[PDB]
């Protein structure tokens, strides 16, 4: 297929994410290659190199086509593509489980693999519900969260998306009714935590768990909060016997400047979800971790088992590339790498603060955000970014980047420049 033929087939047959069929304002751009931090895209019938400023939706932390990951994949392919995980186990699953237990917050001792982020969220909810069922308290079946959150697109995940402003707002009438605290503020305010506790207390007997994105709320608005809130959440959940679940599908593997965002507060949740950067952006994989207590209570309950098990659970290929990606990250001074990226993002975005359409500029580890005073038009932003050698995808009123960790200083500069000029055009 030529780029023209791809565009034709795509228009006729392919549904894109969060899109209509036949009435999308912008057509998709054909991608033809990816290497390191760079994508080869077709523009006006000509190939162009652009920086993957978004790391392919926060996955490609080591960039594309990294020799260590390519080889981990080809080596596993030579041995064993896949086998079912029912009654069988294998080396990639064992190596990965051991890595994930060792590097996640203390006490997360068990790993349930699944195929995607939304599934790992559903598994976390199932763990929480079965846990209380195992304690003979089946009335603890609701979830609590704060506003501004997002946890995926399957029906239980949607139930904890922000109900009046989140992407699943039109569905609230068919979703499980969960408990929502107000939007968590950026600055630490003890009064916020007190109000959260007072609200949780009213519902404790019907709550299985608090589920939140720690430190960084992504799809809900790339908002940052003070890590001390997580300390309060841990304290509150412990004192009211509510399980705490951290969804680290976006925040994991160094992105926020700590290995996991929970680490900014030194907090351990009872249950944790991971995905995205887990595989280095090669293949779909996610995991849900839980404590020995949670696992044993589920296992010693009336069910005797966790009632979940996906087809390609613990796929050897996906596990193998994930092992290599985690080892690649752990084997370098990743913390200094992220500190350097953050400094680059900070310095490069500083000049946006004075732009007339810009209401905030904020950086957290390798995440850079320009918040604008109006929704950003993709028909303007997309060409403008491409004209500057950068793939950027704004959403809502936000121009943002989460670059591969391999980006050089010059590359970060180029990314921040494109973002600044996008914000300038908005205004």
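Basically, rigid core = biggest C-alpha set you can superpose within 1.5 Å across the two forms. Residue numbers count along the first chain shown, from 1.
Outlying stretch relative to shown form, 290-298 versus 156-164 in 8 other deposited structures of this protein, C-alpha RMS (core): This comes out as 156-164, the stretch further from the shown form in 8 other deposited structures of this protein.
Residue 25 dropped from a third or more of the other entries of this protein: Per the records, residue 25 goes unmodelled in at least a third of the other entries.
Mean temperature factor over C-alpha atoms, higher-scoring stretch between 35-43 and 54-62: Averaging CA B-factors over each stretch, the winner is 35-43.
Mean Cα B-factor comparison, 346-354 or 79-87, giving the higher one as deposited: Taking the mean B-factor of the alpha carbons in each, 346-354 is higher.
Highest recorded Cα temperature factor - choice among 319, 307, 72, 124: Reading the PDB entry, the winner on C-alpha B-factor is 307.
Which of 291, 120, 172, 130 ranks first by CA B-factor in the deposited coordinates: Comparing C-alpha B-factors across 291, 120, 172, 130, the top value belongs to 172.
Entry-reported Cα temperature factor of residue 247, expressed as the chain third it lands in: For residue 247, the deposited C-alpha B-factor lands in the lowest third.
Chain-wide C-alpha B factor ranking for residue 23, given as lowest, middle or highest third: It falls in the top third of the chain.
For residue 213, the third of its chain into which the C-alpha B factor falls: Lowest third - that is where residue 213 ends up once the chain's C-alpha B-factors are sorted.
Third assignment of residue 150 from its chain's C-alpha B-factors: Tercile = lowest for this residue's CA B-factor.
Residue 399 - which third its CA temperature factor falls in, relative to the rest of the chain: For residue 399, whose C-alpha B-factor we compare with every modelled residue in the chain, the answer is the lowest third.
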